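Working notes, structure below.
Chains as they are written, first to last, in our numbering: chain L, 1 to 31; chain S, 101 to 176.
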């Protein structure tokens, strides 16, 4: 198991972008 | 290590961080120097947007590289 730690870094970074993604649409609907 | 935070006001901010630190800790350090909360802070490295969920190493941010500082600008 070598690339399992590198592919988990790509999953954890994009999943944190989804936290700002739902926050992007939740903020756009007020204005 | 030291890094550079360059504003658009011609002002350069230096911070002592570690390469494994998250971006929100760096924004907390910016709040420690300035008092601006991190939701009003935006950081750009070589034209790329920084996300608080990742580290400096994820964007290959190293010793004394130059950031950009743009502020949240909402009106009304």
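C-beta atoms are modelled at their ideal positions from N, C-alpha and C, and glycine is treated no differently.
| Check | Outcome |
| --- | --- |
| Which two residues bound the contiguous beta strand (DSSP E) that contains residue 116 (chain S)? | 112-116 |
| Which of the three DSSP states is assigned to residue 20 (chain L) in this structure? | helix |
| Less than 7 Å between C-beta atoms, sequence neighbours within five positions excluded: which residues of the same chain meet that for residue 137 (chain S)? | 131 |
| Residues in its own chain within less than 8 Å of residue 152 (chain S) by CB, not counting five upstream and five downstream? | 122, 123, 124, 127, 138 |
| Excluding five sequence neighbours on each side, which residues of the same chain lie with their C-beta closer than 6 Å to the C-beta of residue 143 (chain S)? | 150, 167 |
| Can you say whether residue 103 (chain S) is buried or exposed, counting buried as having 16 or more other CB atoms within 10 angstroms of its CB? | buried |
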